[PDB]
């Protein structure tokens, strides 16, 4: 069964487990987002999962013509409804510079299309990896700091909107013009562990997610720490050379944290470590993180 990894939550109490997920299934879709099918000229496939795909297209008159990314299902009615819920969620969220924003949708006369902003340089993980020889076209320490700042800003927006990202990682951040980055939502991949219905990004998950299935904004701070390690290693797999097995679960339970990656300063590393506090209440907030990285970045000589 399909589900979006960006989820709205409502808090029902002060403890981490006191919340529920907001289902938009019973809410009505605002028809001002509806865009004509025939104004999409489909180009190439950008990625496929089991339940769907993201395709490049030219969109005529959506903003004049622009590139877009179009999310769609593969050729059930439950899958259709989940995509509508995601659409309804994204219509209500509002836009932000550091989110992959919804531009429109095609829902009435054919298969469901969700039309998003196109991010011409693809995912941040592959971007970082392609720049390893070209680190001083050229990638710098300041660019890495800027990417970190932008992701934190994106997450601060999601915190403010009462949302959680259940899969924050460099693979789910995209890169567009001007070194702008944007947080996106969405078997062969060894970073996800199969466990019944679930596909778990184990090495990105906070303990309370691993052990109790709890996802809060503070779980996202942990994942953000992992993503920082990805940035400042130029896209190394977290916990490099450590397999995902029952020993991994024990390592995390006992307070195992990664070392300082090569491109991190000591100050960036202290921030990473704070994100990995076992107790969620000791982790910094996203407004804290934007302040710390903004101050680090503001040291551009």
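If you superpose the two forms and keep the largest set of C-alpha atoms that fall within 1.5 Å, you have the rigid core. Numbering follows the first chain given and starts at 1.
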| remark: Note: with structures superposed on the core, the stretch whose C-alphas sit farther off in 4 other deposited structures of this protein, 195-203 or 161-169, is 195-203
| Which fits the stretch between residue 192 and residue 193: none, 1 to 3, 4 to 9, or 10 or more deposited residues lacking coordinates? | none
| field | residue 75 to residue 76: deposited residues without atomic coordinates | value | 1 to 3
| Mean C-alpha B factor from the entry: is it higher for 201-209 or for 171-179? | 171-179
| remark: When mean C-alpha B-factors in the record are compared for 231-239 and 45-53, the larger belongs to 45-53
| note | Max C-alpha B-factor within the set 110, 154, 122, 104 falls on 110
| field | Highest recorded Cα temperature factor - choice among 11, 22, 277, 289 | value | 11
| task | Using the B-factors in the PDB entry, rank residue 133's C-alpha atom against the chain and give the third, lowest, middle or highest. | result | highest
| request: Taking the values exactly as deposited, rank residue 38 by C-alpha B-factor within its chain and report the matching third: lowest, middle or highest. | output: highest
| query | Split the chain's modelled residues into thirds by Cα B-factor; is residue 224 in the lowest, middle or highest one? | reply | lowest
| request: Quick one: classify residue 71 as lowest, middle or highest third of the chain based on its Cα B-factor. | output: middle
| query | Is the Cα B-factor recorded for residue 216 in the lowest, middle or highest third of its chain? | reply | lowest
